[PDB]
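Descriptive structure summary
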Amino acid sequence: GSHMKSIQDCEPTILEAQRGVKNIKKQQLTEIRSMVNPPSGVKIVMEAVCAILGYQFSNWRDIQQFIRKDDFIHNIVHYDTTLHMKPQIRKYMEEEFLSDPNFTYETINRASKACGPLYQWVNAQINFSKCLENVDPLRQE
(Lines give C-alpha, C1' and ligand atoms only; values in the text may rest on other atoms or scores of the structure.)
Protein backbone atom coordinates (compact mmCIF):
# COMPACT_ATOMS: atom_id res chain seq x y z
CA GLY A 1 0.00 0.00 0.00
CA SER A 2 1.75 3.12 -1.26
CA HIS A 3 -0.13 6.42 -1.45
CA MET A 4 -3.41 4.60 -2.06
CA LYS A 5 -6.54 6.50 -3.07
CA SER A 6 -8.82 4.32 -0.96
CA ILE A 7 -9.16 4.51 2.81
CA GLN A 8 -9.69 0.75 2.72
CA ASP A 9 -11.82 0.92 5.86
CA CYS A 10 -14.56 -1.38 4.59
CA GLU A 11 -14.23 0.66 1.39
CA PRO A 12 -13.74 -2.35 -0.95
CA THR A 13 -17.00 -3.65 0.52
CA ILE A 14 -19.06 -1.57 -1.90
CA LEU A 15 -16.91 -2.58 -4.86
CA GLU A 16 -16.95 -6.34 -4.39
CA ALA A 17 -20.73 -6.70 -4.11
CA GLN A 18 -21.06 -4.47 -7.17
CA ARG A 19 -19.58 -7.28 -9.26
CA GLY A 20 -22.75 -9.17 -8.35
CA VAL A 21 -24.87 -6.64 -10.22
CA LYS A 22 -22.29 -6.51 -13.01
CA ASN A 23 -22.15 -10.30 -13.27
CA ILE A 24 -25.62 -11.22 -14.55
CA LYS A 25 -25.81 -10.89 -18.31
CA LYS A 26 -28.47 -9.06 -20.31
CA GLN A 27 -30.35 -12.34 -20.72
CA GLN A 28 -30.67 -12.38 -16.93
CA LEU A 29 -32.66 -9.14 -17.09
CA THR A 30 -35.10 -10.29 -19.76
CA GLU A 31 -35.72 -13.52 -17.86
CA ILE A 32 -36.24 -11.83 -14.50
CA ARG A 33 -38.51 -9.26 -16.12
CA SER A 34 -40.23 -11.89 -18.27
CA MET A 35 -41.27 -13.73 -15.12
CA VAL A 36 -45.03 -13.41 -14.72
CA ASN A 37 -44.97 -14.04 -10.97
CA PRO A 38 -41.44 -14.48 -9.53
CA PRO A 39 -40.77 -15.76 -5.97
CA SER A 40 -40.95 -13.52 -2.91
CA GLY A 41 -37.16 -13.50 -2.71
CA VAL A 42 -37.13 -11.69 -6.05
CA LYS A 43 -39.84 -9.17 -5.23
CA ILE A 44 -38.10 -8.11 -2.02
CA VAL A 45 -34.80 -7.75 -3.85
CA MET A 46 -36.21 -5.27 -6.36
CA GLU A 47 -37.74 -3.25 -3.53
CA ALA A 48 -34.39 -2.89 -1.76
CA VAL A 49 -33.04 -1.43 -5.00
CA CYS A 50 -35.83 1.14 -5.18
CA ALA A 51 -35.04 2.38 -1.68
CA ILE A 52 -31.37 2.76 -2.52
CA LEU A 53 -32.34 5.10 -5.36
CA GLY A 54 -34.47 6.98 -2.87
CA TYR A 55 -37.94 5.47 -3.13
CA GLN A 56 -40.18 4.66 -0.16
CA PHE A 57 -42.93 2.06 -0.52
CA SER A 58 -43.78 0.61 -3.93
CA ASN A 59 -45.69 -2.27 -5.51
CA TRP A 60 -44.41 -5.02 -7.82
CA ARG A 61 -46.33 -3.41 -10.68
CA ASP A 62 -44.67 -0.02 -10.17
CA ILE A 63 -41.38 -1.83 -9.66
CA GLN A 64 -41.84 -3.72 -12.93
CA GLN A 65 -42.15 -0.49 -14.90
CA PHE A 66 -39.01 0.83 -13.22
CA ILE A 67 -36.83 -2.22 -13.86
CA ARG A 68 -38.27 -2.31 -17.37
CA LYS A 69 -35.89 0.61 -17.87
CA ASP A 70 -32.62 -0.28 -19.60
CA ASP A 71 -30.94 1.70 -16.83
CA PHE A 72 -32.09 -0.78 -14.19
CA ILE A 73 -28.66 -2.33 -13.75
CA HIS A 74 -26.75 0.71 -14.93
CA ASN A 75 -28.31 2.88 -12.23
CA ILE A 76 -27.91 0.27 -9.51
CA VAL A 77 -24.19 0.01 -10.17
CA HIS A 78 -23.80 3.71 -10.94
CA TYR A 79 -25.80 4.77 -7.88
CA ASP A 80 -24.02 7.08 -5.43
CA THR A 81 -21.33 4.60 -4.40
CA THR A 82 -20.15 6.79 -1.54
CA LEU A 83 -23.40 8.65 -0.95
CA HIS A 84 -23.88 10.57 2.29
CA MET A 85 -27.05 12.03 3.79
CA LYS A 86 -28.44 10.57 7.02
CA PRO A 87 -28.35 6.86 6.05
CA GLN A 88 -31.92 5.75 6.73
CA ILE A 89 -31.46 2.52 4.79
CA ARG A 90 -30.67 0.76 8.05
CA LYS A 91 -34.12 1.24 9.57
CA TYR A 92 -35.59 0.98 6.08
CA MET A 93 -34.25 -2.39 4.95
CA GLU A 94 -34.99 -3.50 8.51
CA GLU A 95 -38.53 -2.18 8.86
CA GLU A 96 -39.22 -4.16 5.71
CA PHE A 97 -37.13 -7.19 6.63
CA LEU A 98 -35.84 -7.11 10.17
CA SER A 99 -37.45 -10.04 11.98
CA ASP A 100 -38.01 -11.68 8.59
CA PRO A 101 -35.27 -14.32 8.06
CA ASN A 102 -36.84 -15.29 4.73
CA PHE A 103 -34.67 -12.43 3.47
CA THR A 104 -31.29 -14.19 3.46
CA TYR A 105 -28.51 -14.20 0.92
CA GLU A 106 -29.25 -17.85 0.32
CA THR A 107 -33.03 -17.87 0.03
CA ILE A 108 -32.94 -15.07 -2.52
CA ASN A 109 -29.91 -16.61 -4.20
CA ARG A 110 -31.85 -19.85 -4.65
CA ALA A 111 -34.79 -17.82 -5.95
CA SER A 112 -33.32 -17.20 -9.40
CA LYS A 113 -29.73 -17.08 -10.65
CA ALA A 114 -29.27 -13.30 -10.66
CA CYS A 115 -31.22 -12.10 -7.63
CA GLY A 116 -28.71 -13.44 -5.12
CA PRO A 117 -25.91 -11.20 -6.48
CA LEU A 118 -28.32 -8.33 -5.86
CA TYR A 119 -29.12 -9.25 -2.27
CA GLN A 120 -25.37 -8.75 -1.79
CA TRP A 121 -24.99 -5.44 -3.65
CA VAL A 122 -27.50 -3.98 -1.24
CA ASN A 123 -26.30 -5.90 1.81
CA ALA A 124 -22.85 -4.40 1.27
CA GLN A 125 -24.37 -0.92 1.22
CA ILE A 126 -25.87 -1.98 4.58
CA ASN A 127 -23.29 -4.08 6.41
CA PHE A 128 -20.92 -1.26 5.44
CA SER A 129 -22.70 1.12 7.82
CA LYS A 130 -21.48 -1.05 10.70
CA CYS A 131 -17.70 -0.93 10.28
CA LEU A 132 -17.99 2.43 12.04
CA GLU A 133 -18.80 0.52 15.23
CA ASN A 134 -17.69 -3.04 14.48
CA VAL A 135 -15.19 -4.35 17.02
CA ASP A 136 -12.78 -7.13 16.11
CA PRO A 137 -13.30 -10.19 18.39
CA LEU A 138 -11.17 -10.69 21.49
CA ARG A 139 -7.72 -12.26 21.20
CA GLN A 140 -7.51 -16.03 21.59
CA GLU A 141 -4.20 -17.65 22.52
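For this deposition, the record names solution NMR as the technique by which the model was determined.

**Considerations on the overall build of the chain**
The secondary structure content of the chain amounts to nine helices and zero strands. Ordered by position from N to C terminus, the α and β elements of the chain give α-α-α-α-α-α-α-α-α. Computed over the C-alpha atoms, the radius of gyration of the chain is 16 Å, within 12% of the 14 Å expected from 2.2 N^0.38 for a compact globule of 141 residues. Based on the C-alpha atoms only, the size of the chain along its principal axes is roughly 55 × 35 × 30 Å. Element-wise, carbon and sulfur atoms account for 49% of the exposed surface of the chain, whose accessible area totals about 10700 Å². Charge-centre separation for the chain: the mean point of 17 positive side chains lies 7 Å from the mean point of 17 negative side chains.

**Re the state of the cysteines**
Disulfides are covalent bonds that connect the sulfur atoms of two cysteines. As enumerated under the stated definition, the model contains one disulfide in all. For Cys 10, the disulfide goes to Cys 131, at an S-S distance of 2.0 Å. Handedness here is read from the sign of the S-S torsion; for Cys 10 and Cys 131, about -75°, the answer is left-handed. Highlighted residues: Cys 10 in the segment before helix 1 (13–16) and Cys 131 in the segment after helix 9 (115–127), separated in sequence by 121 residues. Taking the relative accessible area as the measure of exposure, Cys 10 reaches 24% and is therefore partly exposed. Under the relative-accessibility criterion, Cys 131 is labelled partly exposed at 28%.

Definitions and limits used
- Residues numbered from 1 in each chain as written, not as in the entry; some residues may be left out.
- Heavy atoms only, no water.
- Helix = DSSP H or I, 4+ residues; strand = E, 2+ residues; numbered from the N terminus.
- Rg over C-alpha atoms; globule rule 2.2 N^0.38 Å.
- Areas by Shrake-Rupley, 256 points an atom, 1.4 Å probe, with all protein chains shown as cover.
- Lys, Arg positive; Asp, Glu negative; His and termini not counted.
- Charge placed at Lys NZ, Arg CZ, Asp CG, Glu CD.
- Disulfide = S-S within 2.5 Å.
- Buried < 20%, exposed > 50% of the residue type's maximum accessible area, 1.4 Å probe, protein only.

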